Every structure is written in C-alpha cells, then in structure tokens.
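Alright, two takes on the same chain below, each alone as structure tokens: structure 1 and structure 2.
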Structure 1
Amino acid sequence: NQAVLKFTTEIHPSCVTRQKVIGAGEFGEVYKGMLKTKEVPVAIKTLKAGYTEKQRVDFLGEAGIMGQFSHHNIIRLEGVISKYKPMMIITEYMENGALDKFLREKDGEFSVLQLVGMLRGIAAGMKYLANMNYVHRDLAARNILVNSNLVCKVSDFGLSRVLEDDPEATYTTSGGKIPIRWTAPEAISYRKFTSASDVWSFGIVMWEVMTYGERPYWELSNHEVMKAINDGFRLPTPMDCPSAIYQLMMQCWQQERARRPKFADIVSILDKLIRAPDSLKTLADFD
C-alpha cells in the first residue's frame, strides 16, 4: 500500500474530532466528525487496535484506491490516520446517508426527475470507475451515499474486503461470497466479475431507486432468485416508472453479457431523458 498511499494525506489525530456514531462493525465504527484544515464535516471509518496484518492491508488499501479517484459521483478521500491507533479513513460527509435507507425513510417524497437524476449521477460515477479499470463487485443502493444537494456518490472500495465485509454477501454452494440478488449470472456461475456485471447490478440499483428502496425479489430465497433469473424472469416494473427507465433496467439484465449497455450508453440515455423531461411522462404499465 505504500505507493498508493503516497496519494493520500496523512492526517494528524489532533485535527480530527469524532462526534456521532453513524455506523458500526466488528473491528471499528463509522462516525460523523470535523477535520481541521476552518473545519469541514467528514465521515470517519475506524480500525481499532488488535487488527490483523490482512485487516490493515485491506483497510488502508481501500484508501489507496479511493485516493486515485477524482469524480463528482465518487466519494472523496480527505486523508487517513495510519501512524496512530485507531486507524482512520476520512472522507467527505454525506448528510443524507446511504441511499437505500434514505429512500425507505423518504417514501414518495421525490419527483420522477429527481430520482432519474440520482441514477444519472450513479451511472456517471460507475462509468468513471469502469474506465479507470475498476470493477466494483458490490454495486447496490446500500453502497451509494447522498449529500444535501441530492448528489449520489459511489463508495465501498477495495479487493477481497468488499464482499467479505458486506453481510448481504452470502456463501454460494461453490464457495464464493456474493450478494446474490445484485449479482450478474456469470459472476454467480463462474466468478466472472467485470464492468458488465456491474451494469447488471446498476439495473438492480435502478429498481431500488424507482421503488424507494424495495428489497429486490422480496422474500424469494437466494436459490429461488438464481433459479428465477436462469428461467428468464426479471423484476417487474416499479409503480409510477417511466417506460424508458424500465426498458433501460431490463437491458441491464440481459443474460448475455455482451448485449448489456455499457455505462457510457447508460449515462448518455439518462442525460437525454433528463434534458427532454417530457420523455419521462410516459409510464410503463404497473401490473
């Protein structure tokens, strides 16, 4: 990590004030705080003393990756505390939290145009990651953060730590740990994770957004989801969903990876719909 960490600012512990717990885990927490530079609010992820070598490499490795990105729709790294304990990753603060919880608590409070604007931001962040040769593997509303301008930013970076740390990722019969109902068939079936499997996941995120955080496939078990997808079934249209948006998410769920749009296509399509907003007035039939 010592090369990628050169892109990161080492922050002295005195400059950081932790204030409120906003997330928790086994070996650390997530805080809202302030960062001395005037003071800016920040989000802070910690790693407490007792961590293993692998945990340190994974934890600092996320910062090394995040520090190589500069994009409006990608969470911005402020710096790290790595010389002292607890270790910390310090990012910009997203006032409205995770997108999935945000939408479930704000059910029906946004216009279609605002929801589609969210999706455009997510797709722009994903296009950037893909062209930077970064495959996310865990794209889902729970990993998108929302600020007070309603800007959505992709978070949760790293190598093995991404799917290890997510409790939605479960062990398959063949030994991989994956979040089944967000994951493309080829990634489940033979561990083929690419920007095109991220597009499948993006289609699920489109459904999460337009449903205000409905849980994909409802109470179907993971095996029943895999069986339904293999047999050709797809998630049904959300309520009050523009036909163009439903058509786009259905294209993200093509079984054949080569038939899915690229993120460049997704951004282009969403930008044209937004700039001609009457295109969103035509709604797909809700059952």
Structure 2
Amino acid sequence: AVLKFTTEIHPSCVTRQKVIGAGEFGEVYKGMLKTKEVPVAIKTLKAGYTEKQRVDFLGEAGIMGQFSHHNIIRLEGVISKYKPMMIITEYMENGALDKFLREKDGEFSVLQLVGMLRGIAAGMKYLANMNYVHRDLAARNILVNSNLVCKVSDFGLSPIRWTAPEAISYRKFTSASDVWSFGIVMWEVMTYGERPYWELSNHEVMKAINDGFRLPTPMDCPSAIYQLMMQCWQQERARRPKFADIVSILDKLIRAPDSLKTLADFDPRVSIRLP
C-alpha cells in the first residue's frame, strides 16, 4: 500500500537526458515527461539494489506522494513495475536556493527575501504537522521556481553548522531541531547564501554554540527578522518557537510591511575613516 498516494508512470513516458547527481544506488537525471513535454528530475534505483535500499526507495516515494503543499516539492509519479525503478518530481529551472542567492547577490528586496522565508516556514509547518522530521533543512535542500516560490526538498546528500545541539549530542531529531535549522536558513537567505560561521571548523562551531555565542546580524536585516532567528537558536529545545509561531509572525510582518523597515544594528568588522 506504500505507494497509495502516488501515480505509476509508464517507462515510455520518461526520457532521461543528462546526469545531474548521484543517488543511493543509482543516478539522478534531468529529463522530460509526457502526459506537452514537461521537464522533470529523475532518481533511479539500478540493478543490484539491496532489500533495504528498495524499502527506503519506495518509502521515499510513498511519503512524497502523501505531501500536497505549495512549498513542498511535488512528486509527478513513480516507476515501480519496471526496472530500473524511478522517482520523478517536478523540475525547477532556478535550481537550489543556496546557489541561486549566491549568484544573485543584492538583486532582491527585503520584502521578497522575507516572502521566501514565509514559504519555507509554511512548508516546514506542514511537514511537522504531518509528523515528518526533515533532519537536513538548509538552503541547499530548497528549490526556487520562476515565481520565486521556495519548495522544501531533500536531495539526500547527508551538517554540523545547521544542526541543533541535542541532535548533534545525542541524536534527538525533532521538529524543534528543524526549527533550529530554519533559523540558520533565515540567516542564509538574508546574507544571500553566506557560509554559516565562515571559516570556523566544525569543532569551533560547536564550542562557540556551547559557550553561548550566536551568529551576528546580517547586513540590512530587519530587527524583527533577526529577533526571530535568534529565538530559533535557543539552547533549551522547549523554548524555541513552533513552526506555527514562525509562520504567523512572518505573515504579519509581510502584511504590515512597514514593520520590516526597522533594521538591526550591524557590527562592522572593518573600520574605514574618511573626512
């Protein structure tokens, strides 16, 4: 029954063109789907896969079929009746959000940036309510379409810098550790894809966090947005906002946009003195 929320696609409707990545036991491709041709991403499961790999593969397809939300990647269908098996999703021409922002430094308004964050939060609120813990939320796992709409995904490549302390220390992954990651995502967006904690090593990042340090304000960042990402990074898990709280705050800021005009002070690293 695993594939109940999914559509089985016939192999003759799929054409693979270019390898765009690697999967658990198979390649990921960029291709076309016929149902007039629609571009798609395709993750395959090649010959020789184990029984565990097949459970995980069709399990991923099944949970994806169950999600139906504007800010979650949409499953087009699955090939389970023929070999190689395939997971087929929509294709986003703008690609991954972290690379997208880095190649478009300074090109959007703060209202546009905050709107992207509201979308990511609505998707995470939906996942958490469906009792799905993401565990690898980060800008590299989010796709942008040509309306600037962000869709939470998981390309499965796994992230110390994005992970809540209790998840690092004793493997407690929950929707509250995803909220910690979401705070880091807010910082990625407002910095146009800067690397969290810059050149600090993984061990330096954990020691700084445990000693109470937190990421400083991005440049040009609304006070309310920095306040919100700071509360995502509370050491005490039970003190973090839920995603329902985050969605609500972001929606109210956007709908009263003057609220975003008050900016947090930025700590300059360099002093330049001119007359």
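In this text, rigid core is short for the largest set of C-alphas that superpose within 1.5 Å between two forms. Residue indices: 1-based, along structure 1.
Within the set 66, 137, 252, 206, 66 is the hinge position, where C-alpha fit passes from one rigid part to the other between structures 1 and 2. 12 degrees is the angle through which the smaller rigid part turns against the larger between structures 1 and 2, based on C-alpha superpositions. Relative to the superposed core, residue 26 has its Cα moved 8.0 Å between structures 1 and 2. For residue 122, the Cα deviation between structures 1 and 2 after core superposition amounts to 0.1 Å. At residue 48, the distance the Cα travels between structures 1 and 2 is 4.0 Å after the core is superposed.
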